[PDB]
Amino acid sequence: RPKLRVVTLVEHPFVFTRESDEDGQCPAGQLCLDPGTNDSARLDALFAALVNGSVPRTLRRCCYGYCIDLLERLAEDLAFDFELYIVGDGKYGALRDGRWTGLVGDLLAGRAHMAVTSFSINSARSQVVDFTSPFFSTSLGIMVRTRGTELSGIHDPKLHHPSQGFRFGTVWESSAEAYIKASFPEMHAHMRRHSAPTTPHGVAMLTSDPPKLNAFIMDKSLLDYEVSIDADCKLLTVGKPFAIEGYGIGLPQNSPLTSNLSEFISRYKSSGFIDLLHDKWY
């Protein structure tokens, strides 16, 4: 069985992690490394150290979730083994200073055979890496606190001509930020001073004392999950859907794995297995 190196990004409910056991193993979930690096040699050395060195528990996690259940099914059906690490910079990927960051950057650099998480397909990314047929689809959405800001959607004048002290943001180096940069460049100029490194950081800005955002824009799939777990039910999503994109497994261009993964993904969709994962994890 070929052994594939898979990069991921922790984003609920697609990928969660818990601590490893006393021996740094995972009785539940799959062992994931948390290297914090995009240094190829360091990453190679860390995986090697699993077999002939000593990787401490501070760098081990056990991942689980919708995408991990999907990866396990694929490994079975396609007969491969895998090893996982969490992308060092915690980002999905953008082109910055001439290089791609995040998951996209690690695929291009040859640091992983595939990227598996809530990873959006867009035209810019598809030009440099390949994606399987999509396993999930989502609009972008807008999250606000209840009993406050009301918005019609991405065209609301509150977003195009913001009032004094009104603040909104997205997640750095996400596909949401890329869509806004391309479609609403003047809006992006406001947001980019008010955005967050991860989805949870952006949701926390809505809830801080005092709040640092009045609205937060991100994949509606992800925002819906955060609404569902808020302890006070004080978050909600507002406005019309926009910027629909598929989630896919990312691979370097011309990978011999892509077609075979797509064929299984299509079968999981039609058979109900993809819907089962949604019901399990939401």
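Start at 1 and count along the sequence shown; that's the residue number.
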item: Selected stretch [higher average CA B-factor]: 8 to 16 or 265 to 273; value: 265 to 273
item: 188 to 196 versus 86 to 94 - greater average Cα B-factor per the deposited record; value: 188 to 196
item: Member of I229, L70, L222, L213 with the greatest C-alpha B factor (per the PDB record); value: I229
item: Selection from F166, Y179, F80, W172 [criterion: highest C-alpha temperature factor in the record]; value: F80
item: Assigned third (lowest, middle, highest) for the C-alpha B factor of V104; value: lowest
item: Within-chain third of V238 by Cα B-factor, per the entry; value: middle
item: For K158, the third of its chain into which the C-alpha B factor falls; value: highest
item: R60 by Cα B-factor - lowest, middle or highest third of the modelled chain; value: lowest
item: Modelled-residue ranking by C-alpha temperature factor, third containing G248; value: lowest
